[PDB]
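*Asks:* Could you have a look at this structure, given as structure tokens, before my questions?
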There are 2 protein chains.
Amino acid sequence: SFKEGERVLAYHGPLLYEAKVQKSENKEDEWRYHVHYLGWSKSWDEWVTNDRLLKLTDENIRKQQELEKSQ
Amino acid sequence: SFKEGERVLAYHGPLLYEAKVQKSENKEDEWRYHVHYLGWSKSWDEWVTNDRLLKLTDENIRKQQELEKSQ
């Protein structure tokens with residue numbers, strides 16, 4: 001699971017954006033994460049589930065790049 | 001982390017009692033567990049943190065036994 005302060009990749013629409021986890025919570029055997037999209041307004045901060053996020057690894061950054069290159 | 005429905009050992013005072021996890025929640029990087037002590041009044045159902053609980057393993061059951069014998 002993702003930790004508070006952790007930088008991640010996050011979908012917002014079909015592209016991946018760098019984000020930071022502000023809060024992590026689990027109820028009913030499900031994680032939710034309140035994320036801030038880096039360089040975006042705080043108005044876009046929101047709760048998301050695991051399926052919206054990727055660990056900030058070079059492997060997942062390559063996924064970000066592939067999506068950028070295929071437009 | 002313990003799961004809903006899981007039987008555990010729980011301190012209530014210095015002895016260990018079998019209990020069941022009713023609900024598990026995590027906030028601020030901390031699990032809490034709402035437990036029912038088996039055979040006890042529902043009045044005693046309560047939220048506890050990890051320090052109050054032990055996995056139902058043979059080693060921890062042996063700890064329960066040791067505490068009973070040193071009573």
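Ligands are numbered from 1 in the order shown, chains are lettered A, B, ... in the order of the structure tokens, and residues start at 1 in each chain.
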Chain B least-squares fit onto chain A, all C-alpha atoms in order: RMSD in Å?

*Replies:* 0.2 Å

*Asks:* Please return as a VMD selection string: the residues of chain A that backbone DSSP assigns to strand (DSSP E).

*Replies:* chain A and resid 7 to 12 15 to 27 30 to 37 46 to 48 53 to 55

*Asks:* Report as a ChimeraX atom specification all protein, DNA and RNA residues lying within 6 Å of segment 34-44 of chain B, evaluated on only C-alpha atoms, omitting residues in the same chain fewer than 2 positions from it.

*Replies:* /B:18-23,46-47

*Asks:* Considering only C-alpha atoms, extract the chain A residues located within 9 Å of chain B and return them as a PDB file with N, CA, C and O atoms, in the first residue's frame.

*Replies:*
ATOM      1  N   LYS A   3       2.108   5.089   1.000  1.00  0.00           N
ATOM      2  CA  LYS A   3       2.266   5.782   2.276  1.00  0.00           C
ATOM      3  C   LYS A   3       2.118   7.279   2.110  1.00  0.00           C
ATOM      4  O   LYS A   3       2.344   7.812   1.016  1.00  0.00           O
ATOM      5  N   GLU A   4       1.753   7.959   3.192  1.00  0.00           N
ATOM      6  CA  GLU A   4       1.659   9.403   3.172  1.00  0.00           C
ATOM      7  C   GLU A   4       2.985  10.018   2.762  1.00  0.00           C
ATOM      8  O   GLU A   4       4.051   9.619   3.250  1.00  0.00           O
ATOM      9  N   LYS A  23      -2.943  11.427   2.182  1.00  0.00           N
ATOM     10  CA  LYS A  23      -3.573  10.609   3.219  1.00  0.00           C
ATOM     11  C   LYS A  23      -3.787   9.210   2.676  1.00  0.00           C
ATOM     12  O   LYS A  23      -4.161   9.054   1.515  1.00  0.00           O
ATOM     13  N   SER A  24      -3.606   8.202   3.529  1.00  0.00           N
ATOM     14  CA  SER A  24      -3.957   6.822   3.201  1.00  0.00           C
ATOM     15  C   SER A  24      -4.915   6.295   4.256  1.00  0.00           C
ATOM     16  O   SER A  24      -4.674   6.461   5.459  1.00  0.00           O
ATOM     17  N   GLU A  25      -5.982   5.638   3.819  1.00  0.00           N
ATOM     18  CA  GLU A  25      -6.960   5.074   4.752  1.00  0.00           C
ATOM     19  C   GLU A  25      -7.472   3.737   4.255  1.00  0.00           C
ATOM     20  O   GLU A  25      -7.587   3.522   3.047  1.00  0.00           O
ATOM     21  N   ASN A  26      -7.785   2.840   5.186  1.00  0.00           N
ATOM     22  CA  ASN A  26      -8.379   1.560   4.821  1.00  0.00           C
ATOM     23  C   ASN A  26      -9.625   1.307   5.646  1.00  0.00           C
ATOM     24  O   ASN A  26      -9.576   1.363   6.870  1.00  0.00           O
ATOM     25  N   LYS A  27     -10.742   1.080   4.965  1.00  0.00           N
ATOM     26  CA  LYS A  27     -11.952   0.535   5.581  1.00  0.00           C
ATOM     27  C   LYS A  27     -12.493  -0.544   4.661  1.00  0.00           C
ATOM     28  O   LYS A  27     -12.304  -0.481   3.436  1.00  0.00           O
ATOM     29  N   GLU A  28     -13.158  -1.535   5.252  1.00  0.00           N
ATOM     30  CA  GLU A  28     -13.782  -2.622   4.492  1.00  0.00           C
ATOM     31  C   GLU A  28     -12.816  -3.317   3.526  1.00  0.00           C
ATOM     32  O   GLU A  28     -13.189  -3.645   2.394  1.00  0.00           O
ATOM     33  N   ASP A  29     -11.589  -3.541   3.991  1.00  0.00           N
ATOM     34  CA  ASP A  29     -10.545  -4.217   3.230  1.00  0.00           C
ATOM     35  C   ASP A  29     -10.317  -3.516   1.895  1.00  0.00           C
ATOM     36  O   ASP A  29     -10.164  -4.165   0.859  1.00  0.00           O
ATOM     37  N   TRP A  31      -8.207   0.142   0.367  1.00  0.00           N
ATOM     38  CA  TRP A  31      -7.440   1.365   0.528  1.00  0.00           C
ATOM     39  C   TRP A  31      -8.004   2.510  -0.289  1.00  0.00           C
ATOM     40  O   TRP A  31      -8.464   2.335  -1.423  1.00  0.00           O
TER      41      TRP A  31
END

*Asks:* Please compute the atom CA of residue 70 of chain A-atom CA of residue 8 of chain A distance, one decimal, in Å.

*Replies:*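 Calculated distance between atom CA of residue 70 of chain A and atom CA of residue 8 of chain A is 21.5 Å.
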
*Asks:* Going by DSSP on the backbone, which bits of chain B are helix (DSSP H, G or I)? Write them as JSON, numbers by chain, please.

*Replies:* {"B": [42, 43, 44, 50, 51, 52, 58, 59, 60, 61, 62, 63, 64, 65, 66, 67, 68, 69]}

*Asks:* From the set A:7, A:15, A:71, A:2, which residue has the shortest atom-to-atom contact distance to residue 57 of chain A, counting only C-alpha atoms?

*Replies:*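 The closest residue to residue 57 of chain A is A:7.
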
*Asks:* At what distance in Å, to one decimal, does atom CA of residue 55 of chain B lie from atom CA of residue 33 of chain A?

*Replies:*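 According to the coordinates, atom CA of residue 33 of chain A and atom CA of residue 55 of chain B are separated by 27.9 Å.
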
*Asks:* Provide the atom CA of residue 61 of chain A to atom CA of residue 45 of chain A distance in Å, to one decimal place.

*Replies:* 21.2 Å

*Asks:* Write out as a ChimeraX atom specification the residues lying within 12 Å of residue 13 of chain A, counting only C-alpha atoms and excluding same-chain residues fewer than 4 positions away.

*Replies:* /A:17,52,67

*Asks:* Those selected residues, please, written with N, CA, C and O atoms and delivered as an mmCIF file, in the first residue's frame.

*Replies:*
data_model
loop_
_atom_site.group_PDB
_atom_site.id
_atom_site.type_symbol
_atom_site.label_atom_id
_atom_site.label_comp_id
_atom_site.auth_asym_id
_atom_site.auth_seq_id
_atom_site.Cartn_x
_atom_site.Cartn_y
_atom_site.Cartn_z
ATOM 1 N N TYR A 17 0.131 10.950 -14.492
ATOM 2 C CA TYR A 17 0.705 12.175 -13.940
ATOM 3 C C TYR A 17 1.378 11.906 -12.613
ATOM 4 O O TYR A 17 0.900 11.082 -11.816
ATOM 5 N N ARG A 52 -6.115 3.380 -9.658
ATOM 6 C CA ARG A 52 -5.757 4.652 -10.292
ATOM 7 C C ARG A 52 -4.264 4.996 -10.197
ATOM 8 O O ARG A 52 -3.817 5.974 -10.814
ATOM 9 N N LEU A 67 2.410 5.972 -23.144
ATOM 10 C CA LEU A 67 1.133 6.641 -23.350
ATOM 11 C C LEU A 67 1.298 8.029 -23.953
ATOM 12 O O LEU A 67 0.476 8.455 -24.747
#

*Asks:* Nearest to residue 6 of chain A: which of A:56, A:62, A:32, A:69 is it, counting only C-alpha atoms?

*Replies:* A:56
